[PDB]
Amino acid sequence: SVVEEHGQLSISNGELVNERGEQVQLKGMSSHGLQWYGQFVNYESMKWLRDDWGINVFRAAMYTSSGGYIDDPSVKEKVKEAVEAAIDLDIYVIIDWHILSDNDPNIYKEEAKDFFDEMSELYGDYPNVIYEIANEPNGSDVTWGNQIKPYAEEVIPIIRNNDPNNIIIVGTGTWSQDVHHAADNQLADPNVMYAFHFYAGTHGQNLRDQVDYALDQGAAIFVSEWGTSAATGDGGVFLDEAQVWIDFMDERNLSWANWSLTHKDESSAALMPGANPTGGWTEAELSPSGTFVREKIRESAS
């Protein structure tokens, strides 16, 4: 119903809008590394998320490094499975080229261009697809001006060759926090969004003001990843500050994907160790994080 209702997404004055030009806010889950927790990504779990949680977007996090796509490109089959399930279930899907320890997106540029050429040729005609070309650029020597913008200026045309209009999300500096730098030197492609990522246990008002600065420059922002834990992963979850972030995003209608759908024993994980990979979870199978996120998505679902 989601995609059938909104169809082709586009950006209008920094806002994500549907084919009728009305505002659209996507809320959903991100998988964790597909090379580690790919079993949680399948038609049945995605359907359960759609039907029981109300998600309208699913994020496929395909690490490049850490035993990911660069060493074992077969993980790409798992990306296709998710994309096809999203098309079948009528929801949106983010193909995330998940850089992290490979902190400069230019490390695997050639591979990135080949991967997105293949994905855009396969799925470029479906409105469900959203491309995320560089999860989290990071490190003091990786900046918008010298490394990220040029990277995007080379990858975008590869995608645009096959898919002229689907949304493309571009990572920003300092683990996708430096949206203000990107907002002061924006890409020309009309259908682009800058990624902003945060941890509720760590980030607060200063980063919210930064996001507002970027929004005030006409930039579109997609919170393609955010956790309820502290970046340190200590102290549990911080649902009080998480709720402050939820409200802030609702005011600005920002779309988001929560990190992450896995049973790993870490505070940000939505499931408890042992949870069923195909969904149909009981309340006891969800973590405090998963319980809160599920409620945030349900409470605004139609």
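Sequential numbering from 1, following the sequence displayed. If you superpose the two forms and keep the largest set of C-alpha atoms that fall within 1.5 Å, you have the rigid core.
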Exercise. When the other structures are laid on this one by the rigid core, do the CA atoms of 271 to 279 or of 49 to 57 sit farther away in 4 other deposited structures of this protein?
Worked result: 271 to 279
Exercise. With the rigid core as the fit anchor, does 71 to 79 or 199 to 207 show bigger C-alpha shifts in 4 other deposited structures of this protein?
Worked result: 199 to 207
Exercise. Quick one: higher average CA temperature factor, 71 to 79 or 88 to 96?
Worked result: 71 to 79
For this session: Tell me which of 228 to 236 and 140 to 148 has the higher mean C-alpha B-factor in the deposited entry.
Result: 228 to 236
Problem set entry | Peak C-alpha temperature factor (PDB record), options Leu261, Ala61, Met272, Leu49 | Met272
For this session: Name the one of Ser101, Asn128, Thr172, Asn161 with the greatest CA B-factor according to the PDB entry.
Result: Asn161
Problem set entry | Ranked against its chain, the third holding the CA B-factor of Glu110 | middle
Problem set entry | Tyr123 - which third its CA temperature factor falls in, relative to the rest of the chain | highest
Exercise. What third of its chain's C-alpha B-factors does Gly290 belong to: lowest, middle or highest?
Worked result: lowest
Problem set entry | Where the record places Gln39 (Cα B-factor, split into thirds across the chain) | middle
Seminar exercise, completed: Sorting the chain's modelled residues by C-alpha B-factor and splitting them into thirds places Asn165 in the highest
